[PDB]
Structures are given as C-alpha cells and as structure tokens.
Amino acid sequence: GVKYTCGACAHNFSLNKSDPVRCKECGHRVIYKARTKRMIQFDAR
Amino acid sequence: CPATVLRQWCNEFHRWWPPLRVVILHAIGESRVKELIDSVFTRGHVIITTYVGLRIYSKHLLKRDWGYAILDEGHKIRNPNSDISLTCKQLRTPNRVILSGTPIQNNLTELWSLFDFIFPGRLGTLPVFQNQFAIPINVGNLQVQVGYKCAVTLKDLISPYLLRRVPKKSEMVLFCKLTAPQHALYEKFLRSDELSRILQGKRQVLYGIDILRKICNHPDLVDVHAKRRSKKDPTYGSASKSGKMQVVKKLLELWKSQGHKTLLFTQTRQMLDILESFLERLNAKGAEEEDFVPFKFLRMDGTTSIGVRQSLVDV
Amino acid sequence: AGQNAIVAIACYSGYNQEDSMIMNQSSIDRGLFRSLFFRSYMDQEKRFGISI
Ligand SMILES: [Zn+2]
C-alpha cells in the first residue's frame, strides 16, 4: 500500500519497517514517499 | 555447591554414606525454615547450600557455630571486596576447604582472597600481600633473583594449603584481515569524540572495546537498529563482509561433506543471530540443490531453561 | 520580483487614507499577485542510549 519512489532513477517500490533507507535497486538513500493515487478536489477559483 | 549439582551432591551422601543425614537450603532439605532449623544441628548432620541461596536464610545460619566447611566454587570467590566475602568469610570454623582446580586465572589478588578463606592470613594483610611481591613478579636482571626468593617463600608458605595435580590436539590460528568496509568503519570509530571521552574518564574502556569487537565479528553489528532487524530482515546477516565468513564457509564445508561433528563457538547471543541467518541461508542453498545434507544447527544460552541442558547436550 | 498592475490616483473610496490601498477584485480573482508558499518540517529519530 505505502509506495515509495527513488530519487532520479525512477525506481518505484515500497519499504517496510524492516529495512534501512536505501533505494532497493539503485542503492540510493535519498528516497521519496510516492504520491497518493487518491483524488484531491479543488475549487478552481 | 552450584545449583547444577545440588541433587548430585545429595546423591553421593545417599549412596556412599546413608548414615550421614543431609539438608539442602531450600523450601525442603518464613517460619517453615525455622522448623527446619529445629533439630538441624543435633539431628541434621550436613547442610547443603546453593551459592546464591545463603542470602535467603543467612539470618539464622551465620549465627550458630559450625564444624567442617566445604565450598565447591573457586571462580566465584576470586579477588576480595565483594558479596562473596560478605556472605562466606564470616563463618566461624577453622576447617575451610575449597574444591576447585582453577583458583588462579586472573591475578594473585584472587590467590590472596582464596587463601584468606582457608587460613587466617599466614602471609599478611592485603596491603602486605601486595607490597611484598605484587609488582616484582609483574615487572620481573634486577628483578629475577630477589624475586625468585620472594616467590619461592610464597610457594613454600601456601603450598601446604592447596593441592596441585594435572588424544592429541591441533591449534591452528588463522590471521584474517579487516575488509575495506570493515577498515572504513574501523577508522571512522577510531577517530571520534567518544573514544577520547572514554579515555579521559567520564566513561569506561569496557564500552569502547566491546564496540570495536562488535565490528570485528561483522560490520552489521554496530547498527543502531540491531534488535529491529535481527530476525525480521534477511539481509542483516550477509556474508563475506565480516572478513571471517570465507574461512567459516570453507572450513565448515570441508567437514560438512566429510561428516565431522564440529563446535562453533561465540560469546554473544547477538552474533548468534548473524551466524544463524547465515547457516539458514546455507541450508536453503543446500536444500535447493542436491547431493547435500541439512546443516542442522542449534543455539543454547541463558535464554533457555535449566531443564533443557543435558537433553541438547545429548542430542 | 513584482507585477505591472494598473493604478489610478484619486480619493474615491475614502479608504485609501493612511497607507491603505484599494484593490480591484477582478484582478485578484484572475490571480494577480497570487503566490505559492512552502514550509518544510524536519524530523528525525533519536538515540537515548545505544539501542534505546
Ligand atoms: Zn534507485
């Protein structure tokens, strides 16, 4: 569920509370919580 | 006697000399122990005690007089100034015998403290014992001959106070090197504020040599998340990073197919997790392929119960 | 840094006095001087002991 995305290598993934901060394939420790697919509603004004 | 030989010690009484009565220091052999005290001196002949149990009922034991004294523990007395002397050397009897073939393992201070229990000080006080020959033995001509006589005097003074009696073995010691990731973590910890802070005095060197041994066993043990990934992260163990896995993999597999029951020896239960993940991965590799045999390890420690012991020791 | 906006000089509303200005609401609705602000909160786990 909780998805994660790599720095610039565009690796998409998901860490759990069992592993350190490390992009699984690129070996990049600057990872980013992948955005929520959930819709956000706006007022357009 | 220790708690691992309590029933044993009562057993030889029962078998060799039934006429000798015996009473262990437990619920059987706060008033109940006092009715136990009733006729434990006239009717009771020999009293048994675990060397943790004296300070459970010492209120009514150290008071009355005693005869012959036996202590089957020569490594839980060691040097003076401990709870040992507090509950032991206050006994009232010349007869004092210790049953242990390894009394001297750390220093002659342990020798003096062990001689104190048997004899009232045929040598002298602790300051006297030290100032006599402590430094000369350590430093040592200018030392040898005078030291030789000062030591043979001690040998003749204590020799009639402790008896002394004594396949093949191969001792191969392998000198492996620190790996590059190991050398990096070694230099990083080597040049840090905490080491100097320990040296100056606010902390103890015991916590700085435990962490530099923590890195020699393998790199992945100096991590702050040790418990959080010990048994739930199958990358915590790894291999070839410790500088000793290769001389472990090769050396253990040279006996795995050779069928040689071998002993793997550690000191920490934390490194057991790493060597256990490693051997489970070895098991997985062997089971996936063929013409092999399961590694079949087991781990024993203080975490387990006193009941298990012999069972695994037997299996 | 800034925008080129339309200003006229007069005393029409009486609210323009004393360092106050009167604004066109249409420009604001269209987004004149609308902007984006960003605030970064930094957080971290800490070591009370070595394993704590
Ligand atoms: Zn990556």
# chains A, B, ... in the order shown; residues from 1 in each chain; ligands from 1
>>> residues_near_ligand(ligand="ligand 1", cutoff="9 Å", atoms="only C-alpha atoms and all ligand atoms", output="compact mmCIF listing (two decimals) with N, CA and C atoms, in the first residue's frame")
# COMPACT_ATOMS: atom_id res chain seq x y z
N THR A 5 9.19 5.90 -4.10
CA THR A 5 9.83 6.18 -5.38
C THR A 5 11.26 6.64 -5.12
N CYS A 6 12.17 6.25 -6.01
CA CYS A 6 13.58 6.55 -5.89
C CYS A 6 13.85 8.01 -6.23
N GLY A 7 15.12 8.40 -6.10
CA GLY A 7 15.49 9.79 -6.32
C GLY A 7 15.33 10.24 -7.76
N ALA A 8 16.17 9.73 -8.66
CA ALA A 8 16.12 10.15 -10.06
C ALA A 8 16.15 8.94 -10.99
N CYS A 9 16.42 7.76 -10.42
CA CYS A 9 16.46 6.52 -11.19
C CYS A 9 15.06 6.04 -11.55
N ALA A 10 14.04 6.70 -10.98
CA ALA A 10 12.64 6.43 -11.27
C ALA A 10 12.20 5.05 -10.80
N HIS A 11 12.96 4.46 -9.88
CA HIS A 11 12.59 3.17 -9.31
C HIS A 11 11.39 3.32 -8.39
N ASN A 12 10.33 2.57 -8.65
CA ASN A 12 9.15 2.61 -7.80
C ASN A 12 9.09 1.34 -6.95
N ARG A 22 17.11 3.00 1.71
CA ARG A 22 18.02 2.57 0.65
C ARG A 22 17.14 2.22 -0.55
N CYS A 23 17.31 2.94 -1.66
CA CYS A 23 16.56 2.58 -2.85
C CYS A 23 17.01 1.19 -3.30
N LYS A 24 16.07 0.25 -3.36
CA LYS A 24 16.38 -1.17 -3.42
C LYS A 24 17.25 -1.57 -4.61
N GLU A 25 17.11 -0.89 -5.75
CA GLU A 25 17.89 -1.29 -6.92
C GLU A 25 19.06 -0.34 -7.17
N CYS A 26 18.82 0.97 -7.12
CA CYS A 26 19.88 1.93 -7.43
C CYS A 26 20.86 2.05 -6.27
N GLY A 27 20.44 1.64 -5.08
CA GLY A 27 21.24 1.89 -3.89
C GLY A 27 21.30 3.37 -3.57
N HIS A 28 20.15 4.03 -3.63
CA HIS A 28 20.04 5.46 -3.39
C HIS A 28 19.34 5.69 -2.06
N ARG A 29 20.02 6.37 -1.14
CA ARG A 29 19.47 6.59 0.19
C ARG A 29 18.61 7.85 0.25
N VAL A 30 18.50 8.59 -0.85
CA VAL A 30 17.54 9.68 -0.94
C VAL A 30 16.30 9.15 -1.64
N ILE A 31 15.36 8.62 -0.86
CA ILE A 31 14.12 8.09 -1.40
C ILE A 31 13.00 9.06 -1.07
>>> residues_around(residues="range 35-44 of chain A", least_positions_apart="4", cutoff="9 Å", atoms="only C-alpha atoms", output="MDAnalysis selection string")
chainID A and resid 2:5
>>> write_last_selection(atoms="N, CA and C atoms", output="PDB file, in the first residue's frame")
ATOM      1  N   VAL A   2       1.703   1.397   1.003  1.00  0.00           N
ATOM      2  CA  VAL A   2       2.570   2.563   1.122  1.00  0.00           C
ATOM      3  C   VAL A   2       3.696   2.442   0.105  1.00  0.00           C
ATOM      4  N   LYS A   3       3.551   3.127  -1.026  1.00  0.00           N
ATOM      5  CA  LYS A   3       4.501   3.009  -2.118  1.00  0.00           C
ATOM      6  C   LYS A   3       5.599   4.065  -1.987  1.00  0.00           C
ATOM      7  N   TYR A   4       6.756   3.769  -2.573  1.00  0.00           N
ATOM      8  CA  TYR A   4       7.906   4.657  -2.483  1.00  0.00           C
ATOM      9  C   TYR A   4       8.573   4.750  -3.849  1.00  0.00           C
ATOM     10  N   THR A   5       9.192   5.901  -4.105  1.00  0.00           N
ATOM     11  CA  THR A   5       9.834   6.176  -5.382  1.00  0.00           C
ATOM     12  C   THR A   5      11.262   6.641  -5.123  1.00  0.00           C
TER      13      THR A   5
END
>>> residues_around(residues="residue 215 in chain B", least_positions_apart="3", cutoff="12 Å", atoms="only C-alpha atoms", output="MDAnalysis selection string")
chainID B and resid 178:179 181:190 208:212 218:223 241:244 271
>>> write_last_selection(atoms="N, CA and C atoms", output="PDB file, in the first residue's frame")
ATOM      1  N   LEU B 178      41.049  -7.238   8.050  1.00  0.00           N
ATOM      2  CA  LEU B 178      39.856  -6.405   8.010  1.00  0.00           C
ATOM      3  C   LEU B 178      39.518  -6.055   6.567  1.00  0.00           C
ATOM      4  N   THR B 179      38.253  -6.230   6.195  1.00  0.00           N
ATOM      5  CA  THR B 179      37.824  -5.879   4.849  1.00  0.00           C
ATOM      6  C   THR B 179      37.791  -4.365   4.687  1.00  0.00           C
ATOM      7  N   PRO B 181      35.171  -2.358   3.763  1.00  0.00           N
ATOM      8  CA  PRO B 181      34.080  -1.765   4.550  1.00  0.00           C
ATOM      9  C   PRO B 181      34.345  -1.843   6.045  1.00  0.00           C
ATOM     10  N   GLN B 182      35.011  -2.909   6.487  1.00  0.00           N
ATOM     11  CA  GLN B 182      35.463  -3.016   7.868  1.00  0.00           C
ATOM     12  C   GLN B 182      36.536  -2.005   8.225  1.00  0.00           C
ATOM     13  N   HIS B 183      37.514  -1.782   7.343  1.00  0.00           N
ATOM     14  CA  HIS B 183      38.541  -0.786   7.627  1.00  0.00           C
ATOM     15  C   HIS B 183      37.957   0.619   7.676  1.00  0.00           C
ATOM     16  N   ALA B 184      36.960   0.904   6.837  1.00  0.00           N
ATOM     17  CA  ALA B 184      36.307   2.207   6.852  1.00  0.00           C
ATOM     18  C   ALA B 184      35.600   2.448   8.181  1.00  0.00           C
ATOM     19  N   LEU B 185      34.822   1.468   8.640  1.00  0.00           N
ATOM     20  CA  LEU B 185      34.104   1.606   9.901  1.00  0.00           C
ATOM     21  C   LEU B 185      35.070   1.569  11.079  1.00  0.00           C
ATOM     22  N   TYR B 186      36.240   0.963  10.879  1.00  0.00           N
ATOM     23  CA  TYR B 186      37.273   0.923  11.905  1.00  0.00           C
ATOM     24  C   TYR B 186      37.932   2.289  12.071  1.00  0.00           C
ATOM     25  N   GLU B 187      38.262   2.946  10.956  1.00  0.00           N
ATOM     26  CA  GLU B 187      38.866   4.272  11.037  1.00  0.00           C
ATOM     27  C   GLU B 187      37.848   5.314  11.487  1.00  0.00           C
ATOM     28  N   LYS B 188      36.591   5.173  11.056  1.00  0.00           N
ATOM     29  CA  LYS B 188      35.552   6.119  11.450  1.00  0.00           C
ATOM     30  C   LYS B 188      35.367   6.135  12.961  1.00  0.00           C
ATOM     31  N   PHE B 189      35.235   4.952  13.564  1.00  0.00           N
ATOM     32  CA  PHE B 189      35.127   4.868  15.017  1.00  0.00           C
ATOM     33  C   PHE B 189      36.455   5.206  15.681  1.00  0.00           C
ATOM     34  N   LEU B 190      37.564   4.936  14.990  1.00  0.00           N
ATOM     35  CA  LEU B 190      38.900   5.190  15.516  1.00  0.00           C
ATOM     36  C   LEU B 190      39.107   6.669  15.809  1.00  0.00           C
ATOM     37  N   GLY B 208      34.165   0.625  25.048  1.00  0.00           N
ATOM     38  CA  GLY B 208      34.802   1.031  23.812  1.00  0.00           C
ATOM     39  C   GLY B 208      35.537  -0.114  23.150  1.00  0.00           C
ATOM     40  N   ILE B 209      35.843  -1.157  23.930  1.00  0.00           N
ATOM     41  CA  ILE B 209      36.420  -2.374  23.369  1.00  0.00           C
ATOM     42  C   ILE B 209      35.357  -3.425  23.084  1.00  0.00           C
ATOM     43  N   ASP B 210      34.157  -3.275  23.642  1.00  0.00           N
ATOM     44  CA  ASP B 210      33.016  -4.099  23.273  1.00  0.00           C
ATOM     45  C   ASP B 210      32.423  -3.706  21.927  1.00  0.00           C
ATOM     46  N   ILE B 211      32.549  -2.439  21.534  1.00  0.00           N
ATOM     47  CA  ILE B 211      32.050  -1.957  20.252  1.00  0.00           C
ATOM     48  C   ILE B 211      33.066  -2.131  19.136  1.00  0.00           C
ATOM     49  N   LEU B 212      34.363  -2.137  19.451  1.00  0.00           N
ATOM     50  CA  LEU B 212      35.383  -2.447  18.462  1.00  0.00           C
ATOM     51  C   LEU B 212      35.561  -3.945  18.257  1.00  0.00           C
ATOM     52  N   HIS B 218      31.483  -8.805  12.671  1.00  0.00           N
ATOM     53  CA  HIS B 218      30.966  -8.444  11.360  1.00  0.00           C
ATOM     54  C   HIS B 218      30.553  -6.982  11.366  1.00  0.00           C
ATOM     55  N   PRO B 219      30.569  -6.308  10.215  1.00  0.00           N
ATOM     56  CA  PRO B 219      30.202  -4.885  10.178  1.00  0.00           C
ATOM     57  C   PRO B 219      28.793  -4.581  10.663  1.00  0.00           C
ATOM     58  N   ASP B 220      27.858  -5.505  10.443  1.00  0.00           N
ATOM     59  CA  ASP B 220      26.440  -5.203  10.609  1.00  0.00           C
ATOM     60  C   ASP B 220      25.981  -5.305  12.061  1.00  0.00           C
ATOM     61  N   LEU B 221      26.911  -5.297  13.014  1.00  0.00           N
ATOM     62  CA  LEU B 221      26.543  -5.379  14.419  1.00  0.00           C
ATOM     63  C   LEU B 221      26.699  -4.063  15.165  1.00  0.00           C
ATOM     64  N   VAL B 222      27.211  -3.020  14.516  1.00  0.00           N
ATOM     65  CA  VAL B 222      27.372  -1.721  15.159  1.00  0.00           C
ATOM     66  C   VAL B 222      26.211  -0.822  14.758  1.00  0.00           C
ATOM     67  N   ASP B 223      25.139  -1.424  14.254  1.00  0.00           N
ATOM     68  CA  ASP B 223      23.966  -0.689  13.809  1.00  0.00           C
ATOM     69  C   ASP B 223      23.059  -0.380  14.994  1.00  0.00           C
ATOM     70  N   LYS B 241      31.405 -10.083   4.388  1.00  0.00           N
ATOM     71  CA  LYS B 241      31.621  -8.727   4.875  1.00  0.00           C
ATOM     72  C   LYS B 241      32.353  -8.748   6.209  1.00  0.00           C
ATOM     73  N   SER B 242      32.227  -9.852   6.941  1.00  0.00           N
ATOM     74  CA  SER B 242      32.831  -9.992   8.259  1.00  0.00           C
ATOM     75  C   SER B 242      34.330 -10.238   8.218  1.00  0.00           C
ATOM     76  N   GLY B 243      34.879 -10.589   7.059  1.00  0.00           N
ATOM     77  CA  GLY B 243      36.264 -10.996   6.984  1.00  0.00           C
ATOM     78  C   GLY B 243      36.534 -12.388   7.502  1.00  0.00           C
ATOM     79  N   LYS B 244      35.508 -13.078   8.003  1.00  0.00           N
ATOM     80  CA  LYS B 244      35.657 -14.424   8.542  1.00  0.00           C
ATOM     81  C   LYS B 244      34.667 -15.432   7.980  1.00  0.00           C
ATOM     82  N   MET B 271      25.635 -12.014  17.921  1.00  0.00           N
ATOM     83  CA  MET B 271      26.314 -12.593  16.773  1.00  0.00           C
ATOM     84  C   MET B 271      25.747 -13.963  16.421  1.00  0.00           C
TER      85      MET B 271
END
>>> atom_distance(atom1="CA of residue 17 in chain A", atom2="CA of residue 180 in chain B")
28.5 Å
>>> select_by_dssp(residues="range 133-305 of chain B", states="helix (DSSP H, G or I)", output="VMD selection string")
chain B and resid 133 to 139 144 to 161 180 to 190 193 to 200 205 to 207 209 to 217 219 to 221 226 to 229 246 to 256 269 to 288
>>> write_last_selection(atoms="C-alpha atoms", output="short mmCIF file (atom, residue, chain, number, x, y, z; two decimals), in the first residue's frame")
data_model
loop_
_atom_site.label_atom_id
_atom_site.label_comp_id
_atom_site.auth_asym_id
_atom_site.auth_seq_id
_atom_site.Cartn_x
_atom_site.Cartn_y
_atom_site.Cartn_z
CA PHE B 133 55.74 -9.32 45.78
CA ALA B 134 52.92 -7.96 43.58
CA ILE B 135 54.96 -5.52 41.46
CA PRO B 136 58.26 -7.53 41.41
CA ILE B 137 56.58 -10.59 39.88
CA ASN B 138 54.88 -8.47 37.21
CA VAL B 139 57.96 -6.42 36.26
CA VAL B 144 64.70 -12.19 38.98
CA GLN B 145 66.85 -13.44 41.88
CA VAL B 146 65.36 -11.34 44.69
CA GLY B 147 62.00 -12.02 43.06
CA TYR B 148 62.93 -15.71 42.81
CA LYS B 149 63.45 -15.95 46.56
CA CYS B 150 60.46 -13.75 47.43
CA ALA B 151 58.31 -16.05 45.27
CA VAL B 152 59.69 -19.38 46.48
CA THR B 153 58.97 -18.15 50.01
CA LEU B 154 55.32 -17.67 48.98
CA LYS B 155 55.31 -21.07 47.26
CA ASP B 156 56.52 -22.76 50.46
CA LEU B 157 54.09 -20.67 52.54
CA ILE B 158 50.93 -21.57 50.61
CA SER B 159 51.94 -24.89 49.03
CA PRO B 160 50.80 -26.96 52.05
CA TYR B 161 47.45 -25.19 51.77
CA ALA B 180 37.61 -2.48 3.17
CA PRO B 181 34.08 -1.76 4.55
CA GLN B 182 35.46 -3.02 7.87
CA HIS B 183 38.54 -0.79 7.63
CA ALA B 184 36.31 2.21 6.85
CA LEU B 185 34.10 1.61 9.90
CA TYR B 186 37.27 0.92 11.91
CA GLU B 187 38.87 4.27 11.04
CA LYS B 188 35.55 6.12 11.45
CA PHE B 189 35.13 4.87 15.02
CA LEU B 190 38.90 5.19 15.52
CA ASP B 193 35.00 12.13 20.19
CA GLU B 194 33.58 9.18 22.14
CA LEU B 195 36.91 7.35 22.37
CA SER B 196 38.71 10.36 23.85
CA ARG B 197 35.71 10.96 26.14
CA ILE B 198 36.06 7.38 27.38
CA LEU B 199 39.83 7.75 27.82
CA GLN B 200 39.69 10.92 29.92
CA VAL B 205 37.10 1.43 28.37
CA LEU B 206 34.86 -1.68 28.71
CA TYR B 207 32.28 0.03 26.48
CA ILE B 209 36.42 -2.37 23.37
CA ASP B 210 33.02 -4.10 23.27
CA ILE B 211 32.05 -1.96 20.25
CA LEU B 212 35.38 -2.45 18.46
CA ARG B 213 34.87 -6.19 18.91
CA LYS B 214 31.29 -5.59 17.71
CA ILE B 215 32.71 -4.56 14.31
CA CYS B 216 35.31 -7.34 14.07
CA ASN B 217 32.67 -10.09 14.36
CA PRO B 219 30.20 -4.88 10.18
CA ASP B 220 26.44 -5.20 10.61
CA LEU B 221 26.54 -5.38 14.42
CA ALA B 226 20.13 -4.16 15.83
CA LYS B 227 17.02 -5.54 17.53
CA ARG B 228 14.72 -4.07 14.86
CA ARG B 229 16.32 -6.11 12.05
CA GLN B 246 35.04 -17.30 3.89
CA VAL B 247 37.27 -19.05 6.45
CA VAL B 248 33.96 -20.10 8.01
CA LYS B 249 32.20 -21.25 4.82
CA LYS B 250 35.25 -23.13 3.53
CA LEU B 251 36.28 -24.59 6.88
CA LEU B 252 32.78 -25.76 7.83
CA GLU B 253 32.00 -27.16 4.38
CA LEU B 254 35.28 -29.11 4.47
CA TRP B 255 33.66 -31.06 7.32
CA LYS B 256 30.05 -30.93 6.15
CA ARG B 269 23.88 -14.04 21.54
CA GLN B 270 23.74 -11.08 19.14
CA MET B 271 26.31 -12.59 16.77
CA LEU B 272 24.40 -15.87 17.11
CA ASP B 273 21.61 -14.19 15.14
CA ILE B 274 24.01 -13.41 12.29
CA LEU B 275 25.64 -16.85 12.26
CA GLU B 276 22.14 -18.35 12.43
CA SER B 277 20.79 -16.37 9.47
CA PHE B 278 24.00 -17.30 7.62
CA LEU B 279 23.53 -21.00 8.33
CA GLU B 280 19.83 -20.89 7.45
CA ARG B 281 20.81 -19.36 4.10
CA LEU B 282 23.40 -22.14 3.75
CA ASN B 283 20.60 -24.64 4.45
CA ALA B 284 18.39 -23.00 1.82
CA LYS B 285 21.18 -23.15 -0.76
CA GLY B 286 21.95 -26.78 0.03
CA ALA B 287 18.31 -27.90 0.04
CA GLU B 288 17.51 -26.18 -3.25
#
>>> residues_around(residues="range 5-22 of chain C", least_positions_apart="3", cutoff="10 Å", atoms="only C-alpha atoms", output="PyMOL selection string")
chain C and resi 2+25+27+32-33
>>> closest_residue(among="B:302, B:289, B:314, B:236", to="chain A", atoms="only C-alpha atoms")
B:236
>>> interface_residues(of="chain C", to="chain B", cutoff="12 Å", atoms="only C-alpha atoms", output="list in words")
residues 45, 46, 47, 48, 49, 50, 51 and 52 of chain C
>>> interface_residues(of="chain A", to="chain B", cutoff="9 Å", atoms="only C-alpha atoms", output="VMD selection string")
chain A and resid 17 to 20
>>> interface_residues(of="chain C", to="chain A", cutoff="9 Å", atoms="only C-alpha atoms", output="list in words")
residues 29, 30 and 31 of chain C
>>> atom_distance(atom1="CA of residue 24 in chain B", atom2="CA of residue 118 in chain B")
22.8 Å
>>> residues_around(residues="residue 80 in chain B", least_positions_apart="2", cutoff="10 Å", atoms="only C-alpha atoms", output="list in words")
residues 77, 78, 82, 83, 84, 85, 86, 109, 110, 111, 112, 113, 114, 116 and 126 of chain B
>>> atom_distance(atom1="CA of residue 131 in chain B", atom2="CA of residue 79 in chain B")
16.3 Å
>>> residues_around(residues="residue 68 in chain B", least_positions_apart="5", cutoff="8 Å", atoms="only C-alpha atoms", output="PyMOL selection string")
chain B and resi 93+95-96
>>> write_last_selection(atoms="N, CA and C atoms", output="PDB file, in the first residue's frame")
ATOM      1  N   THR B  93      34.670 -21.211  61.788  1.00  0.00           N
ATOM      2  CA  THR B  93      35.298 -22.527  61.834  1.00  0.00           C
ATOM      3  C   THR B  93      36.689 -22.480  61.212  1.00  0.00           C
ATOM      4  N   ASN B  95      38.144 -25.173  60.005  1.00  0.00           N
ATOM      5  CA  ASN B  95      38.017 -26.097  58.885  1.00  0.00           C
ATOM      6  C   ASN B  95      37.363 -25.412  57.693  1.00  0.00           C
ATOM      7  N   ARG B  96      38.137 -25.190  56.627  1.00  0.00           N
ATOM      8  CA  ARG B  96      37.686 -24.434  55.454  1.00  0.00           C
ATOM      9  C   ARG B  96      38.374 -25.072  54.248  1.00  0.00           C
TER      10      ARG B  96
END
>>> decode(residues="range 3-24 of chain B", atoms="N, CA, C and O atoms", output="compact mmCIF listing (two decimals), in the first residue's frame")
# COMPACT_ATOMS: atom_id res chain seq x y z
N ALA B 3 23.93 -24.74 41.63
CA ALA B 3 22.56 -25.24 41.52
C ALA B 3 22.44 -26.33 40.45
O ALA B 3 21.40 -26.97 40.34
N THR B 4 23.50 -26.53 39.67
CA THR B 4 23.52 -27.57 38.65
C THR B 4 23.96 -28.92 39.21
O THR B 4 23.91 -29.93 38.50
N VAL B 5 24.41 -28.95 40.47
CA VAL B 5 24.92 -30.17 41.08
C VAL B 5 24.29 -30.39 42.46
O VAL B 5 24.77 -31.21 43.24
N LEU B 6 23.22 -29.65 42.76
CA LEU B 6 22.57 -29.74 44.06
C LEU B 6 22.08 -31.15 44.36
O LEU B 6 22.41 -31.72 45.41
N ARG B 7 21.30 -31.73 43.44
CA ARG B 7 20.83 -33.09 43.64
C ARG B 7 21.99 -34.07 43.59
O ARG B 7 22.00 -35.08 44.32
N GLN B 8 22.99 -33.79 42.75
CA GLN B 8 24.17 -34.64 42.69
C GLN B 8 24.83 -34.74 44.05
O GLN B 8 25.09 -35.85 44.54
N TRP B 9 25.06 -33.60 44.71
CA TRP B 9 25.78 -33.59 45.99
C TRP B 9 25.02 -34.37 47.06
O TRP B 9 25.64 -35.01 47.92
N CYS B 10 23.70 -34.31 47.05
CA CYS B 10 22.92 -35.12 47.96
C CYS B 10 23.00 -36.60 47.59
O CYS B 10 22.94 -37.47 48.48
N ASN B 11 23.18 -36.90 46.30
CA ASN B 11 23.20 -38.28 45.82
C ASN B 11 24.39 -39.08 46.36
O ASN B 11 24.24 -40.25 46.73
N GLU B 12 25.59 -38.49 46.40
CA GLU B 12 26.71 -39.28 46.90
C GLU B 12 26.57 -39.50 48.40
O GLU B 12 26.96 -40.55 48.90
N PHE B 13 26.01 -38.53 49.12
CA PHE B 13 25.70 -38.77 50.53
C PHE B 13 24.80 -39.99 50.64
O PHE B 13 25.15 -40.94 51.35
N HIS B 14 23.70 -40.00 49.89
CA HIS B 14 22.75 -41.11 49.97
C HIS B 14 23.40 -42.45 49.62
O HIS B 14 23.13 -43.46 50.28
N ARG B 15 24.25 -42.47 48.60
CA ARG B 15 24.75 -43.75 48.11
C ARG B 15 25.99 -44.23 48.87
O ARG B 15 26.02 -45.38 49.31
N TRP B 16 27.01 -43.39 49.03
CA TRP B 16 28.20 -43.78 49.77
C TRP B 16 27.91 -43.89 51.26
O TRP B 16 28.20 -44.92 51.88
N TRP B 17 27.36 -42.84 51.87
CA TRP B 17 27.21 -42.90 53.32
C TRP B 17 25.79 -42.54 53.72
O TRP B 17 25.51 -41.38 54.08
N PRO B 18 24.86 -43.49 53.68
CA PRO B 18 23.49 -43.25 54.16
C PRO B 18 23.44 -42.78 55.60
O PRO B 18 22.55 -41.99 55.94
N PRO B 19 24.36 -43.24 56.51
CA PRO B 19 24.29 -42.74 57.89
C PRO B 19 24.37 -41.23 58.03
O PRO B 19 23.83 -40.67 59.00
N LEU B 20 25.01 -40.54 57.09
CA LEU B 20 25.05 -39.09 57.09
C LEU B 20 23.72 -38.53 56.60
O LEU B 20 23.27 -38.80 55.48
N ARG B 21 23.08 -37.74 57.47
CA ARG B 21 21.87 -37.04 57.12
C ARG B 21 22.24 -35.77 56.35
O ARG B 21 23.38 -35.29 56.44
N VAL B 22 21.31 -35.23 55.57
CA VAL B 22 21.62 -34.11 54.69
C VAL B 22 20.41 -33.21 54.53
O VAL B 22 19.26 -33.68 54.53
N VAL B 23 20.65 -31.90 54.43
CA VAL B 23 19.57 -30.93 54.31
C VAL B 23 20.00 -29.78 53.40
O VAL B 23 20.93 -29.03 53.71
N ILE B 24 19.35 -29.65 52.25
CA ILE B 24 19.66 -28.58 51.31
C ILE B 24 18.95 -27.31 51.79
O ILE B 24 17.96 -27.39 52.53
